[PDB]
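Remarks on the structure that follows.
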Amino acid sequence: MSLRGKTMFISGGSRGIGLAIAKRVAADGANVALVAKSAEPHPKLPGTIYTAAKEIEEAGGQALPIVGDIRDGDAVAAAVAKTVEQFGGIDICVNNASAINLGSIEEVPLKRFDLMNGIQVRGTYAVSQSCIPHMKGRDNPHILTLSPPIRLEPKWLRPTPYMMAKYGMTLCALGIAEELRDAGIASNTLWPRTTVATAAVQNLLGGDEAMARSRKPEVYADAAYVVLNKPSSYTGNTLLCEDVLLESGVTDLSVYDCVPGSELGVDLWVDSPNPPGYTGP
Amino acid sequence: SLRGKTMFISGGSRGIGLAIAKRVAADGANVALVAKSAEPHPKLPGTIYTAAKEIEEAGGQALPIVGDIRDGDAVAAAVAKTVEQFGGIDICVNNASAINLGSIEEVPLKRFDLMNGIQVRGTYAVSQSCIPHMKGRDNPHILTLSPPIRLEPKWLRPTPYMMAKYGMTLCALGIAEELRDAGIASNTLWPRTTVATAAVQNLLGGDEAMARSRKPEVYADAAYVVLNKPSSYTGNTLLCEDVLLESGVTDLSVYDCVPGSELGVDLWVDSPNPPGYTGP
Ligand SMILES: [Cl-]
Ligand SMILES: [Cl-]
Ligand SMILES: [Cl-]
Ligand SMILES: [Cl-]
Ligand SMILES: [Cl-]
Ligand SMILES: [Cl-]
Ligand SMILES: [Cl-]
Ligand SMILES: [Cl-]
Ligand SMILES: [Cl-]
Ligand SMILES: [Cl-]
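Same order as they appear, the protein sequences are chains S and H. Going by the numbering used here, the residue at position 201 of the first sequence is 201; the numbering climbs one at a time, nothing skipped. Going by the numbering used here, the residue at position 123 of the second sequence is 123; the numbering climbs one at a time, nothing skipped.
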């Protein structure tokens, strides 16, 4: 199996994890539409949708960068319609747009909350809803949402704003899995076990330094790829990247380590940097 | 007893919220109640002003406030007025709610926003604003009217509403952890059956009792039990009837609209009664 001739709609996509997923899918000769709020370069975060588009093309795919605020429902509709008029249908919807603040309810004002809820909970809903009609006909359609398993033990219910937003994304994805089961559209979530170091991290740290406790964005891209090739019956799952990769046949997870043979750190909502019983390097 | 305690409550005009407000008010409590409009609706009974009269008639003091819960500044101003008036907040009840049982295919974004706004964002805003004024107090509780989080496939629909109600609960549960040191309790409370309120009879057009449902007192009384527990009791997703049996109630039929009927179940609940309940 292969994503050749298939079309992806991805929120974000302009850097880091989203870019790596876009690139991986593009490498099979896929189409990728990517939507972001602005096309102006940021002084500290690398990339724009346009430079993302070049990288998608250089990888072997066709790119459609679209300017649109995921918090504006009309802009979302317009971006999907534009994807459909250009590529003819949607095989893959990846909800990657994100927003983060790790403060408590006492520290995170309503305006910051709305940006998180807006982009992630509302955004995942609007993007997914708008994609769904254009996915019904297709060979093996997948919605994939970049969010964590719902962990209900007290330690995990923190910090509240961000947990609400991320769990809200996952709940959207799991609900959709049930509501679209008869239509045959897969909806899954996918989350990495460690922190993922992206170029943006280097830029903000201000150095060319090794993130020894972290993994590369490829861990997410390769895991996504495996999931997007499963049958549309593989649905309603809250998946971890490394676990997905071992189940697929990868034996050596060190190829994802920023620095191999280090003690790895853990992502939020994850107990261990590696799957249970992993013995590889 | 809750004599001399002050409660702030969203969605206390009618039904369950009013029943809770009246039960708290009967101890001589202050109740500040907030709603978007004070204008009577043709079919739904009550306004904040009507509800206010009933709160006073029940034994308490009422402060009815016009405020859109979806407007952050309105929420801030509603809480400020409550504090200028009564001096401090012992109890925050998040009951403002909104419902649509359609799927993601059927519920447009504008509708989604109403549920997200009022319930998830609203519970966040109201709770956030009340919290500083609850830090000094003898036994502060936040009580959020929303269900246990159930992750089995069959509970994960309809998506839009499940997102909202579950988001409500996640907020309550997060607050529990974040405010534990302070220590303001945060719990959720949900009824096992559907609760038949005046609004339901009004929309059917007849006063005809609802054999599969319970009275809103099951909500009010269960709330009263939780709100008198120590602030150490926090982070729980509670069910009315179970709370009531735990407190010593042995006859739940007094909450039945029609005693001796086969009761229906609420969303997110398997059974109309707590496990091994063998009362009437
Ligand atoms: Cl704000
Ligand atoms: Cl824990
Ligand atoms: Cl990167
Ligand atoms: Cl784990
Ligand atoms: Cl192990
Ligand atoms: Cl509607
Ligand atoms: Cl809103
Ligand atoms: Cl099930
Ligand atoms: Cl149950
Ligand atoms: Cl039983």
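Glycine residues also receive a C-beta, built at the ideal position from the N, C-alpha and C atoms.
Decide if residue i is buried, meaning its Cβ has at least 16 other Cβ atoms within 10 Å, or exposed.
| i | result |
| --- | --- |
| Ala30(S) | buried |
| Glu247(S) | exposed |
| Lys6(S) | buried |
| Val254(H) | exposed |
| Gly207(S) | exposed |
| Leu204(H) | exposed |
| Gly174(H) | buried |
| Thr47(H) | buried |
| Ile100(S) | exposed |
| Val243(H) | buried |
| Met1(S) | exposed |
| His133(H) | buried |
| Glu57(S) | exposed |
| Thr250(H) | exposed |
| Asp271(S) | exposed |
| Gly67(H) | buried |
| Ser14(S) | buried |
| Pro140(H) | buried |
| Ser231(H) | buried |
| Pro42(H) | exposed |
| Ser38(S) | exposed |
| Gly168(S) | buried |
Give the range of the alpha helix (DSSP H) segment to which residue i is assigned.
| i | result |
| --- | --- |
| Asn202(H) | 198-204 |
| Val83(H) | 72-86 |
| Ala33(S) | Segment 31-36 is the beta strand (DSSP E) holding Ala33(S); no alpha helix (DSSP H) there. |
| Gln61(H) | From DSSP, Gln61(H) is part of no alpha helix (DSSP H) but of the beta strand (DSSP E) over 61-66. |
| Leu228(S) | 218-228 |
| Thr51(S) | 49-59 |
| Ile10(S) | Element bounds for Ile10(S): not the alpha helix (DSSP H) but the beta strand (DSSP E), 7-11. |
| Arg24(S) | 16-26 |
Taking only the alpha-carbon atoms, compute the straight-line gap between residue i and residue j and give it to the nearest angstrom.
| i | j | result |
| --- | --- | --- |
| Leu228(S) | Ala32(H) | 52 Å |
| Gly103(S) | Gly12(S) | 23 Å |
| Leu179(H) | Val83(H) | 20 Å |
| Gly123(S) | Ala224(S) | 20 Å |
| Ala74(H) | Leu238(H) | 30 Å |
| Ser213(H) | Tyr161(H) | 21 Å |
| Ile89(H) | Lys166(S) | 30 Å |
| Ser130(S) | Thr169(H) | 27 Å |
| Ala62(H) | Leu264(S) | 57 Å |
| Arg138(S) | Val201(S) | 38 Å |
| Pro154(S) | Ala176(H) | 9 Å |
| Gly118(S) | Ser97(H) | 19 Å |
| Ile91(H) | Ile69(H) | 17 Å |
| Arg193(S) | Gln86(S) | 36 Å |
| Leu143(H) | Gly280(S) | 48 Å |
| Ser128(S) | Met116(S) | 17 Å |
| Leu146(S) | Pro276(S) | 22 Å |
| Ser261(H) | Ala182(H) | 45 Å |
| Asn95(S) | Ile10(S) | 6 Å |
| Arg151(S) | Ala79(S) | 33 Å |
| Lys111(S) | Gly72(H) | 9 Å |
| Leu18(H) | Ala125(H) | 21 Å |
| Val24(H) | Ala52(H) | 13 Å |
If I follow the unbroken beta strand (DSSP E) through residue i, where does it start and stop?
| i | result |
| --- | --- |
| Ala186(S) | 186-191 |
| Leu170(H) | Not the beta strand (DSSP E): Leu170(H) falls in the alpha helix (DSSP H), residues 159-178. |
| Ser248(S) | Per DSSP, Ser248(S) belongs to no beta strand (DSSP E); it is in the alpha helix (DSSP H), 241-248. |
| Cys93(S) | 92-95 |
| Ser129(H) | Run containing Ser129(H): none in the beta strand (DSSP E); it sits in the alpha helix (DSSP H), 122-130. |
| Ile118(H) | No beta strand (DSSP E) holds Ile118(H); DSSP gives it neither H nor E. |
| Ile143(S) | 142-145 |
Please list the partners that residue i has in chain A, where partner means a Cβ-to-Cβ separation under 7 Å.
| i | result |
| --- | --- |
| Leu268(S) | Among the chains of the structure shown, chain A does not appear; the protein chains present are S and H. |
Quick one, what's near ligand 10 if you take every residue whose CB is closer than 6 Å to any heavy atom, in chain order?
-> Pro275(H), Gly276(H)
Using a Cβ-Cβ cut-off of less than 7 Å, give me the residues of the stretch 171-189 of chain S that come near chain H, in sequence order.
-> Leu171, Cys172, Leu174, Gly175, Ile176, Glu178, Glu179
Residues of the stretch 227-238 of chain H with a CB closer than 7 Å to any CB of chain S: list them in chain order, please.
-> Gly235
Got a list of residues with beta-carbon closer than 7 Å to any non-hydrogen atom of ligand 4, in chain order?
-> Sorted by position in the chain, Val270(S), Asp271(S), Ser272(S) make up the residues whose C-beta lies under 7 Å from a heavy atom of ligand 4.
According to a CB-to-CB cut-off of less than 7 Å, which residues of the stretch 137-153 of chain H neighbour chain S?
-> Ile149, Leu151, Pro153
Members of the stretch 29-42 of chain S that neighbour chain H once the beta carbon cut-off is set at 9 Å = none
Between the stretch 91-120 of chain S and chain H, which residues of the former have CB atoms less than 9 Å from a CB of the latter, in chain order?
-> If the cut-off is 9 Å between Cβ atoms, the stretch 91-120 of chain S has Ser104, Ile105, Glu106, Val108, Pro109, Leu110, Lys111, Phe113, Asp114, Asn117 near chain H.
Kindly provide the chain-ordered list of residues whose Cβ lies closer than 6 Å to any non-hydrogen atom of ligand 7.
-> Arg70(H), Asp113(H), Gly117(H), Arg121(H)
Check each residue of the stretch 63-84 of chain H: if its Cβ is closer than 7 Å to any Cβ of chain S, include it; give the result in chain order.
-> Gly72
Going along the chain, which residues of the stretch 2-30 of chain H sit with their C-beta nearer than 8 Å to a C-beta in chain S?
-> none
Go through the residues and name those whose CB comes closer than 6 Å to any heavy atom of ligand 3, in chain order.
-> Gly16(S), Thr198(S), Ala199(S), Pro217(S)
Please write down, chain order preserved, every residue whose beta carbon lies under 6 Å from a heavy atom of ligand 1.
-> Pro109(S), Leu110(S), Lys111(S), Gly72(H)
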